[PDB]
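What follows is one chain in structure tokens, specifically the form deposited without the partner chain.
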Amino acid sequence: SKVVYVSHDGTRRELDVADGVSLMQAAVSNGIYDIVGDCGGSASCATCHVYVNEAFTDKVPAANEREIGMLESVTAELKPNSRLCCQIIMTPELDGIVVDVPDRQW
């Protein structure tokens, strides 16, 4: 399914992500440099921060307690639609999901 990573300067980068693969994993393994994913996807860092387009925030499973806690430490502006994309697993329903990436993770 399709996923669009919009870098902070507006560049739209589309990737085909297989079901069950997290947005972070697909990102860091396909040149999406503005996403670090340092902890490896256990909601243990804030380096996979992204802003989920409001047309998809409802279809994504809500952030668990751990992510909520980690999000508090994001280095870029924390917004209502901020999410640690390693916590978002790709599924067909999410096809076309768009995420805007901040100008910094560290």
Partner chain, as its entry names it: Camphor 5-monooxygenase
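Numbering follows the first chain given and starts at 1.
Heads up, the form solved in complex with the partner chain isn't pictured, but that's what we're talking about next.
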| query | finding |
| --- | --- |
| Any non-hydrogen atom of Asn53 within 4.5 angstroms of the partner chain in the entry with it bound | no |
| Residue contact check: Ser44 to the partner chain in the entry with it bound, 4.5 Å heavy atom | yes |
| 4.5 Å heavy atom contact, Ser1 to the partner chain in the entry with it bound | no |
| Interface membership of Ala63, the partner chain in the entry with it bound, 4.5 Å heavy atom rule | no |
